[PDB]
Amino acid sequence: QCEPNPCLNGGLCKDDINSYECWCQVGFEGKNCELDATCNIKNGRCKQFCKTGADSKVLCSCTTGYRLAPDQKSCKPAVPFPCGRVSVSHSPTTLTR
């Protein structure tokens, strides 16, 4: 599938037997990471806040207290006790069963 990479713009081709997809990256949208991502197409793929910018290219980011990971979409707590999460039912590695 992946000879040469059908996913472009930097994305990543997990080819399969039958098929293959494009793990896409930031900035980028559509199938083969063809067209740009937009703050209205799935939040921008940002996990908290989607913004646009000078260009029409996006800009993910976070509330006071979280820090936008290096993938640039998901938000990581950046201080011990972060805003608006429950913390009894998750420490250390627990889910509300």
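Residues carry their position along the shown sequence, with the first being 1.
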Worksheet item: Looking only at CA atoms, which has the higher mean B factor in the entry: 71-79 or 13-21?
Response: 13-21
Discussion item. Regarding 35-43 and 61-69, which shows the higher C-alpha temperature factor on average in the entry?
Written reply: 35-43
Worksheet item: Relative to the other modelled residues in the chain, which third contains the C-alpha temperature factor of residue 56: lowest, middle or highest?
Response: highest
Worksheet item: Can you tell me which third, lowest, middle or highest, the CA B-factor of residue 8 falls into for its chain?
Response: middle
